[PDB]
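The structure appears right after this line, and notes come after that.
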Amino acid sequence: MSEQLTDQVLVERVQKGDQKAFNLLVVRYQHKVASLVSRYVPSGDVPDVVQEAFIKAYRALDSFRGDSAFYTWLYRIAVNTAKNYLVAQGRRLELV
DNA sequence: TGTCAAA
(Lines give C-alpha, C1' and ligand atoms only; values in the text may rest on other atoms or scores of the structure.)
Protein backbone atom coordinates (compact mmCIF):
# COMPACT_ATOMS: atom_id res chain seq x y z
CA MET A 1 0.00 0.00 0.00
CA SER A 2 2.50 2.64 1.21
CA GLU A 3 5.98 2.91 2.75
CA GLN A 4 8.25 5.52 4.39
CA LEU A 5 12.05 5.78 4.66
CA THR A 6 12.20 5.31 8.45
CA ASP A 7 15.31 3.96 10.19
CA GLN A 8 13.64 0.53 9.89
CA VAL A 9 14.07 0.34 6.10
CA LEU A 10 17.44 2.10 6.21
CA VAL A 11 18.99 -0.29 8.77
CA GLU A 12 17.78 -3.34 6.81
CA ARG A 13 19.20 -1.77 3.63
CA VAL A 14 22.67 -1.56 5.24
CA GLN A 15 22.41 -5.26 6.18
CA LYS A 16 22.02 -5.87 2.42
CA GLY A 17 25.58 -4.50 2.10
CA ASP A 18 24.64 -0.97 0.96
CA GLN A 19 27.29 1.41 2.35
CA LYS A 20 25.66 4.51 0.81
CA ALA A 21 22.48 3.76 2.78
CA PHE A 22 24.61 3.97 5.93
CA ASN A 23 25.91 7.39 4.87
CA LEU A 24 22.34 8.73 4.94
CA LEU A 25 21.91 7.02 8.33
CA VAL A 26 24.98 8.92 9.59
CA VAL A 27 23.59 12.25 8.31
CA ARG A 28 20.31 11.39 10.09
CA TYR A 29 21.89 11.12 13.57
CA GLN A 30 25.19 13.04 13.28
CA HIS A 31 23.71 16.11 15.03
CA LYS A 32 21.78 14.07 17.63
CA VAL A 33 24.76 11.89 18.59
CA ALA A 34 27.04 14.95 18.77
CA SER A 35 24.67 16.31 21.45
CA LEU A 36 25.01 13.01 23.36
CA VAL A 37 28.81 12.61 23.29
CA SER A 38 29.41 16.32 24.03
CA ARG A 39 28.24 15.39 27.56
CA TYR A 40 31.43 13.30 28.03
CA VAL A 41 34.02 15.09 25.83
CA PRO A 42 34.88 18.75 25.04
CA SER A 43 33.82 20.23 21.68
CA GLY A 44 37.38 19.67 20.38
CA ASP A 45 36.87 15.87 20.53
CA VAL A 46 33.14 15.62 19.69
CA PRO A 47 33.54 15.22 15.88
CA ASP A 48 36.25 12.57 16.39
CA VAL A 49 34.23 10.59 18.97
CA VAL A 50 31.07 10.83 16.84
CA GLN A 51 32.91 9.50 13.79
CA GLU A 52 34.23 6.56 15.83
CA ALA A 53 30.69 5.86 17.09
CA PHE A 54 29.29 5.46 13.54
CA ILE A 55 32.20 3.31 12.33
CA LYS A 56 31.76 1.01 15.36
CA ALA A 57 28.04 0.84 14.56
CA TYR A 58 28.74 0.23 10.85
CA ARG A 59 30.50 -3.09 11.52
CA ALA A 60 28.26 -4.02 14.48
CA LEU A 61 24.90 -3.22 12.79
CA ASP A 62 25.12 -6.64 11.09
CA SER A 63 24.54 -7.98 14.64
CA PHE A 64 21.62 -5.63 15.41
CA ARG A 65 18.62 -7.67 16.62
CA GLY A 66 15.94 -4.96 16.41
CA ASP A 67 15.02 -5.55 20.07
CA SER A 68 14.42 -1.77 20.27
CA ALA A 69 14.33 1.36 18.07
CA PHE A 70 17.60 2.13 16.26
CA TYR A 71 18.43 5.22 18.35
CA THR A 72 18.13 3.20 21.58
CA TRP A 73 20.99 1.02 20.33
CA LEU A 74 22.92 3.96 18.83
CA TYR A 75 22.68 5.81 22.16
CA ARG A 76 24.36 2.94 24.05
CA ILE A 77 27.23 2.77 21.54
CA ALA A 78 27.73 6.55 21.48
CA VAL A 79 27.99 6.99 25.26
CA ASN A 80 30.28 3.95 25.54
CA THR A 81 32.45 5.22 22.65
CA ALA A 82 32.88 8.59 24.39
CA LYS A 83 33.51 6.92 27.77
CA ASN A 84 35.95 4.39 26.27
CA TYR A 85 37.89 7.41 24.93
CA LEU A 86 38.26 8.88 28.44
CA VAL A 87 39.83 5.63 29.73
CA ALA A 88 41.98 5.19 26.61
CA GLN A 89 43.89 8.31 27.72
CA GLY A 90 43.47 7.88 31.51
CA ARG A 91 45.35 4.54 31.42
CA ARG A 92 48.62 6.33 30.48
CA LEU A 93 49.93 5.34 33.95
CA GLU A 94 47.88 2.13 34.47
CA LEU A 95 49.34 0.16 31.52
CA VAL A 96 53.04 1.12 31.78
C1' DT B 1 33.59 -7.53 23.51
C1' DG B 2 28.94 -5.47 23.24
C1' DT B 3 26.07 -1.94 23.25
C1' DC B 4 18.79 -3.47 21.54
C1' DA B 5 12.94 0.65 26.38
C1' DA B 6 11.83 4.97 25.07
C1' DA B 7 15.43 9.03 23.76
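Every chain in the C-alpha coordinates takes a letter, A first, then B, and so on in the order presented; its residues are numbered from 1, and the ligands are numbered from 1 following the presented order.
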### Task
Compile the residues of chain A that lie within 9 Å of chain B, evaluated using only C-alpha atoms (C1' of nucleotides), and express the compilation as JSON, numbers by chain.
{"A": [60, 64, 65, 66, 67, 68, 69, 70, 71, 72, 73, 74, 75, 76, 77, 78, 80]}
File dump, residues just selected, N, CA and C atoms, as a PDB file, in the first residue's frame:
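What landed in again-v6.pdb:
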ATOM      1  N   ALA A  60      29.018  -3.302  13.469  1.00  0.00           N
ATOM      2  CA  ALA A  60      28.257  -4.024  14.483  1.00  0.00           C
ATOM      3  C   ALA A  60      26.751  -4.035  14.186  1.00  0.00           C
ATOM      4  N   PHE A  64      22.765  -6.292  14.811  1.00  0.00           N
ATOM      5  CA  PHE A  64      21.618  -5.626  15.407  1.00  0.00           C
ATOM      6  C   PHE A  64      20.416  -6.569  15.360  1.00  0.00           C
ATOM      7  N   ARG A  65      19.722  -6.723  16.490  1.00  0.00           N
ATOM      8  CA  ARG A  65      18.624  -7.673  16.617  1.00  0.00           C
ATOM      9  C   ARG A  65      17.260  -7.009  16.472  1.00  0.00           C
ATOM     10  N   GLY A  66      17.202  -5.677  16.551  1.00  0.00           N
ATOM     11  CA  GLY A  66      15.944  -4.959  16.408  1.00  0.00           C
ATOM     12  C   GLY A  66      15.085  -5.077  17.664  1.00  0.00           C
ATOM     13  N   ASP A  67      15.711  -5.396  18.804  1.00  0.00           N
ATOM     14  CA  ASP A  67      15.018  -5.554  20.074  1.00  0.00           C
ATOM     15  C   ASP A  67      14.478  -4.214  20.586  1.00  0.00           C
ATOM     16  N   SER A  68      14.881  -3.109  19.952  1.00  0.00           N
ATOM     17  CA  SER A  68      14.415  -1.769  20.270  1.00  0.00           C
ATOM     18  C   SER A  68      14.620  -0.868  19.054  1.00  0.00           C
ATOM     19  N   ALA A  69      14.136   0.375  19.125  1.00  0.00           N
ATOM     20  CA  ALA A  69      14.332   1.360  18.071  1.00  0.00           C
ATOM     21  C   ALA A  69      15.825   1.581  17.834  1.00  0.00           C
ATOM     22  N   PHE A  70      16.195   2.033  16.632  1.00  0.00           N
ATOM     23  CA  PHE A  70      17.598   2.127  16.260  1.00  0.00           C
ATOM     24  C   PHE A  70      18.362   3.131  17.120  1.00  0.00           C
ATOM     25  N   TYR A  71      17.722   4.220  17.556  1.00  0.00           N
ATOM     26  CA  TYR A  71      18.433   5.215  18.346  1.00  0.00           C
ATOM     27  C   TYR A  71      18.716   4.695  19.752  1.00  0.00           C
ATOM     28  N   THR A  72      17.913   3.750  20.246  1.00  0.00           N
ATOM     29  CA  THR A  72      18.126   3.202  21.577  1.00  0.00           C
ATOM     30  C   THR A  72      19.448   2.448  21.600  1.00  0.00           C
ATOM     31  N   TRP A  73      19.768   1.793  20.481  1.00  0.00           N
ATOM     32  CA  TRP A  73      20.991   1.022  20.331  1.00  0.00           C
ATOM     33  C   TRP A  73      22.159   1.938  19.978  1.00  0.00           C
ATOM     34  N   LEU A  74      21.894   3.008  19.221  1.00  0.00           N
ATOM     35  CA  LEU A  74      22.917   3.965  18.830  1.00  0.00           C
ATOM     36  C   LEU A  74      23.353   4.774  20.051  1.00  0.00           C
ATOM     37  N   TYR A  75      22.412   5.036  20.961  1.00  0.00           N
ATOM     38  CA  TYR A  75      22.680   5.809  22.161  1.00  0.00           C
ATOM     39  C   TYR A  75      23.664   5.064  23.052  1.00  0.00           C
ATOM     40  N   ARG A  76      23.490   3.742  23.197  1.00  0.00           N
ATOM     41  CA  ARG A  76      24.360   2.937  24.051  1.00  0.00           C
ATOM     42  C   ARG A  76      25.769   2.847  23.482  1.00  0.00           C
ATOM     43  N   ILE A  77      25.909   2.827  22.154  1.00  0.00           N
ATOM     44  CA  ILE A  77      27.227   2.769  21.537  1.00  0.00           C
ATOM     45  C   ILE A  77      27.909   4.129  21.638  1.00  0.00           C
ATOM     46  N   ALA A  78      27.151   5.217  21.494  1.00  0.00           N
ATOM     47  CA  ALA A  78      27.726   6.549  21.478  1.00  0.00           C
ATOM     48  C   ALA A  78      28.249   6.968  22.850  1.00  0.00           C
ATOM     49  N   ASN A  80      29.192   4.862  25.210  1.00  0.00           N
ATOM     50  CA  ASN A  80      30.277   3.954  25.538  1.00  0.00           C
ATOM     51  C   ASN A  80      31.496   4.226  24.662  1.00  0.00           C
TER      52      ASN A  80
END
#### Entry: Residues flagged alpha helix (DSSP H) by DSSP in chain A, as a ChimeraX atom specification
/A:7-14,19-37,46-58,70-90
### Message
At a cut-off of 8 Å, using only C-alpha atoms (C1' of nucleotides), what residues contact residue 86 of chain A? Leave out same-chain residues fewer than 4 positions from it and give the result as a PyMOL selection string.
### Response
chain A and resi 41+82+90
### Query
So which residues touch segment 23-39 of chain A within 12 Å, counting only C-alpha atoms (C1' of nucleotides), skipping near sequence neighbours fewer than 2 positions away, as number ranges by chain?
A: 5-14, 18-21, 41-58, 61, 70-86; B: 7
### Separation of atom CA of residue 17 of chain A from atom CA of residue 63 of chain A, in Å and rounded to one decimal
13.1 Å
